[PDB]
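Asks: Mind folding the following:
(chains A and B, ligands or ions: 4)
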Number of protein chains: 2
Amino acid sequence: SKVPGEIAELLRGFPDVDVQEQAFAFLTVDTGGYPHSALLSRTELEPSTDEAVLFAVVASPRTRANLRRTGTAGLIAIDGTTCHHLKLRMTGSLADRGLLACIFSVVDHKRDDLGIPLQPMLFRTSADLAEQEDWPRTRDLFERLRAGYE
Amino acid sequence: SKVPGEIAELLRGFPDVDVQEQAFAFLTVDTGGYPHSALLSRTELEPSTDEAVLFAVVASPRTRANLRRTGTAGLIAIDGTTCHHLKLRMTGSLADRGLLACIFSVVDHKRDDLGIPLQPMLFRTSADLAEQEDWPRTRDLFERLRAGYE
Ligand SMILES: Cc1cc2nc3c(=O)[nH]c(=O)nc-3n(C[C@H](O)[C@H](O)[C@H](O)COP(=O)(O)O)c2cc1C
Ligand SMILES: Cc1cc2nc3c(=O)[nH]c(=O)nc-3n(C[C@H](O)[C@H](O)[C@H](O)COP(=O)(O)O)c2cc1C
Ligand code: NA
Ligand code: NA
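Replies: Numbers count the residues shown, from 1 in each chain, chains lettered A, B, ... in the order given. Ligands and ions are numbered 1, 2, ... in the order given. Okay, here it is:
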């Protein structure tokens, strides 16, 4: 399958600082079988150029361990009247200090739409966040991912 | 443990129609071990009066089955600068047609706060939604839950 078109458009590209962005719930499963979440943004989510796969860069330690243990993940993405629910299977990964760069195949996509306009989770980017989430290293890892995938 | 105070305040009460409300990501795990999500609101989430436990009413079929299979769940709740991540263990349930009324113990709470103001997922209630999610039956089930818990 592929990254759904509307989701590729929601995630593609990287924000500058001081800009309103959607926070995407990035889901995993912990060792007791409980669902687990982290917030990611366009900075840590990028489709491949052909949209076949979804790349992610994850800093949060428990999410990273969950991915290493089960290889399963999911995403919530909000766009207009649609809540997109994704399920993701990790097919490869690359570690760089506290960051895990991941390649995901989409294994399921549900368009959850009741005809009711939705607002996404939102936050404003900042120079502090750029430091907390190590944007320079995330960017580098995404280019390493792009290069290896191709 | 108990329902965290800030989360009890976010969930308590029931909205009328045509009102802006937060949509809470309600998480489960499916049969292949993938995280799974549904959107719920204050209409389908209510703390016990003593805040010891969290009641929920779930209509979405796969979420309901996931709960029946694993008894695990989670929640995302947004409040100011804090993203609240909850993990939930189902301790009892009651079925009424297509609805599953659930009692959850909180097994974990993480306050995820980077000092960056957050906007929750939002939607406006409506008479159609009241019908789609069967508010009269949800309300009844919550009173049945309150009664049995006490
Ligand atoms: C606005 C905001 C942005 C965040 N961005 C990221 C991010 O890009 N990468 C990340 O790993 N965690 C990020 N987080 C933090 C995760 O949501 C948080 O660490 C979560 O509890 C997951 O941590 P854990 O997997 O170690 O439990 C962000 C949090 C907020 C509030
Ligand atoms: C605005 C909005 C409100 C919703 N409210 C509810 C709800 O109260 N209860 C519910 O079970 N599903 C609700 N949903 C639908 C779930 O998010 C959706 O069915 C999801 O795909 C879970 O279905 P599944 O568990 O069968 O896969 C809502 C969807 C939207 C867009
Ligand atoms: Na991106
Ligand atoms: Na409520």
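Asks: Contacts only, for the closest residue to residue A:39 other than its chain neighbours.
Replies: In space, and not counting its chain neighbours, residue A:39 is closest to residue A:23: 4.4 Å by CB to CB, 6 or more residues apart in numbering or on different chains. Just so you know, the C-beta spots here come from the backbone N, C-alpha and C atoms, and that holds for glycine as well. With CB atoms under 8 Å, 6 or more residues apart in numbering or on different chains as the criterion, the residues that contact residue A:23 are A:39, A:40, A:41, A:120, A:121, A:122, A:123, B:83, B:118.
Asks: mind running it again at 10 Å?
Replies: A:38-42, A:76, A:78, A:120-123, B:76, B:78, B:83, B:116, B:118-121 (CB atoms under 10 Å, 6 or more residues apart in numbering or on different chains).
Asks: distance of it from residue A:4?
Replies: Using CB to CB, to the nearest Å, we find residue A:23 at a distance of 19 Å from residue A:4.
Asks: Nearest the geometric middle of chain A, what residue?
Replies: Most central in chain A under CA atoms, centre = their mean is residue A:45, positioned 3.9 Å from the mean C-alpha point.
Asks: Give the closest residue to it in space, chain neighbours not counted.
Replies: Using CB to CB, 6+ apart and skipping residues adjacent in sequence, the residue nearest residue A:45 is residue A:11, 4.4 Å away.
Asks: Longest helix in chain A, please.
Replies: In chain A, ranked by residue count with DSSP state H as the criterion, the top helix is helix A:135-149.
Asks: List the contacts of that helix.
Replies: With CB under 10 Å, 6+ apart as the criterion, helix A:135-149 contacts A:14-15, A:17, A:43-46, A:48-50, A:52-53, A:55-59, A:92-103, A:125, A:127, A:129-130, A:134.
Asks: Next, see if that helix gets close to ligand 1.
Replies: No - applying CB under 6 Å from any ligand atom, one finds that helix A:135-149 is not in contact with ligand 1, the shortest distance being 7.8 Å.
Asks: Over to stretch A:37-54?
Replies: Yes - counting by CB under 6 Å from any ligand atom, contacts between stretch A:37-54 and ligand 1 involve A:38, A:39, A:40, A:41, A:44.
Asks: Pull the number of nearby residues for residue A:2.
Replies: 16 (other CB atoms under 10 Å in any protein chain shown).
Asks: Ok, residue A:130 next?
Replies: For residue A:130, using other CB under 10 Å, the count is 16.
Asks: Give me the secondary structure label for it.
Replies: Using DSSP: H, G, I helix; E, B strand; the rest coil as the criterion, the local structure at residue A:130 reads helix.
Asks: Give me the secondary structure label for residue A:9.
Replies: Using three-state DSSP, the three-state assignment for residue A:9 comes out as helix.
Asks: what about it, distance to residue A:51?
Replies: The spacing between residue A:9 and residue A:51, counted by CB to CB, is 10 Å.
Asks: Any of the contacts of helix A:135-149 buried? List them.
Replies: Burial of the contacts of helix A:135-149 was assessed by neighbour count (16 or more other CB atoms under 10 Å in any protein chain shown); the buried members are A:14-15, A:43-46, A:48, A:53, A:55-59, A:93, A:99-103, A:125, A:129-130, A:134.
Asks: so of these, which ones are in strands?
Replies: Secondary structure assignment by DSSP state E places A:45, A:46, A:55, A:56, A:57, A:58, A:93, A:99, A:100, A:101, A:102, A:103 of the buried ones among the contacts of helix A:135-149 in strands.
Asks: could I get the residues you listed as a markdown table with distance to ligand 4?
Replies: Supplementary listing: these in a markdown table, determined by distance: CB to the ion, whole Å:
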| residue | distance to ligand 4 |
| --- | --- |
| A:45 | 32 |
| A:46 | 37 |
| A:55 | 38 |
| A:56 | 33 |
| A:57 | 36 |
| A:58 | 32 |
| A:93 | 40 |
| A:99 | 38 |
| A:100 | 37 |
| A:101 | 40 |
| A:102 | 36 |
| A:103 | 40 |
